[PDB]
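One structure is given here, and the rest of the page talks about it.
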Amino acid sequence: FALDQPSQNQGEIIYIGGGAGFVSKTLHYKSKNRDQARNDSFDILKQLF
RNA sequence: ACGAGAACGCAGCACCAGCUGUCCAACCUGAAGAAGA
């Protein structure tokens, strides 16, 4: 209902625990642009699932 | 009828006394019990 999801909070956010997301466990969105990282995630995850 | 006869090279004696197989040294280094859609 709310889903506030604040951002730009001086880097005061960390995601710890289960259910955080597949993005939080992999470092490829922050080393490549949108299309390259998207395709890399799709290729590496279609191998998994 | 032998320069010969008889005669233990034998007796007692601890290879023994003192002395640390000791000194120094992290079982240590890195790792999300976690993710489809």
Side-chain angles (χ1 to χ4, degrees), chain A residues 2 6-49:
Chain A
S7 180
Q8 194 61 253
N9 281 125
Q10 282 75 238
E12 198 184 3
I13 280 295
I14 193 66
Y15 272 60
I16 189 65
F22 162 73
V23 170
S24 286
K25 307 294 176 307
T26 50
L27 299 197
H28 62 87
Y29 284 100
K30 67 185 289 184
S31 63
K32 285 153 296 273
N33 50 2
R34 292 183 290 175
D35 47 42
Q36 180 71 254
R38 224 190 192 185
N39 295 150
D40 218 323
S41 70
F42 296 166
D43 195 54
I44 193 66
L45 188 153
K46 93 192 285 286
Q47 297 170 172
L48 300 163
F49 320 124

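Every chain is numbered from 1 and lettered A, B, ... according to where its sequence line falls, protein lines coming before strand lines.
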Checklist entry - Does B:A6 fall in syn (glycosidic angle within 90° of 0) or anti? => result anti
Item to check | First and last nucleotide of RNA chain B, 5' to 3', lying under 4.0 Å from heavy atoms of chain A | outcome: B:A32 to B:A37
Checklist entry - Looking at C1'-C2'-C3'-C4', which way does the sugar of B:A31 lean, north or south? => result south
Checklist entry - Given the rule that positive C1'-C2'-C3'-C4' is north and negative is south, which one is B:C13? => result south
Pair up each side-chain donor or acceptor in residues 42-49 of chain A with any protein partner under 3.5 Å, not counting sequence neighbours, and list the distances.
none

Checklist entry - Taking the same atom, P, in B:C27 and in B:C23, what whole-Å distance lies between them? => result 16 Å
Next on the checklist: Assuming nearest nucleotide by heavy-atom distance, tell me which of A:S24 and A:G19 is located more 5' along RNA chain B.
Outcome noted: A:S24
Next on the checklist: Stacking check, if you would: do B:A34 and B:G33 have six-membered base rings whose centres lie under 5.5 Å apart and whose planes meet at under 30 degrees?
Outcome noted: no
Item to check | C1'-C2'-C3'-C4' based pucker assignment for B:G18 | outcome: north
Next on the checklist: Tell me which residues in residues 28-49 of chain A lie within less than 4.0 Å of RNA chain B, going by non-hydrogen atoms.
Outcome noted: A:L45, A:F49
Next on the checklist: Say we look at B:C28 and B:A32: how far apart would their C1' atoms be, to the nearest angstrom?
Outcome noted: 22 Å
Checklist entry - With rounding to whole Å, what would you report as the distance between B:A26 and B:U22 at their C1' atoms? => result 22 Å
Item to check | North or south sugar at B:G12 (positive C1'-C2'-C3'-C4' torsion counts as north) | outcome: north
Taking only distance into account, with no hydrogens and no angle test, what donor-acceptor pairs under 3.5 Å do side-chain atoms of residues 17-28 of chain A form with protein atoms, sequence neighbours excluded?
| residue | atom | partner | partner atom | Å |
| --- | --- | --- | --- | --- |
| A:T26 | OG1 | A:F22 | O | 3.0 |
| A:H28 | ND1 | A:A37 | O | 3.4 |

Item to check | Per-nucleotide pairing state of RNA chain B [Watson-Crick or G-U, under 3.5 Å; [ ] pseudoknot-crossing; | other strand] | outcome: .....................................
Checklist entry - If you look at every strand shown and take non-hydrogen atoms under 4.0 Å, does A:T26 touch a base, only sugar-phosphate, or nothing? => result nothing
Item to check | Sugar of B:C16, sorted north or south by the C1'-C2'-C3'-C4' dihedral sign | outcome: north
Checklist entry - side chain to side chain contact (heavy atoms under 4.5 Å, CB included) with A:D35: which residues, sequence neighbours excluded? => result A:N33
Checklist entry - Under a 90° cut-off about 0 for the syn range, is B:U20 syn or anti? => result syn
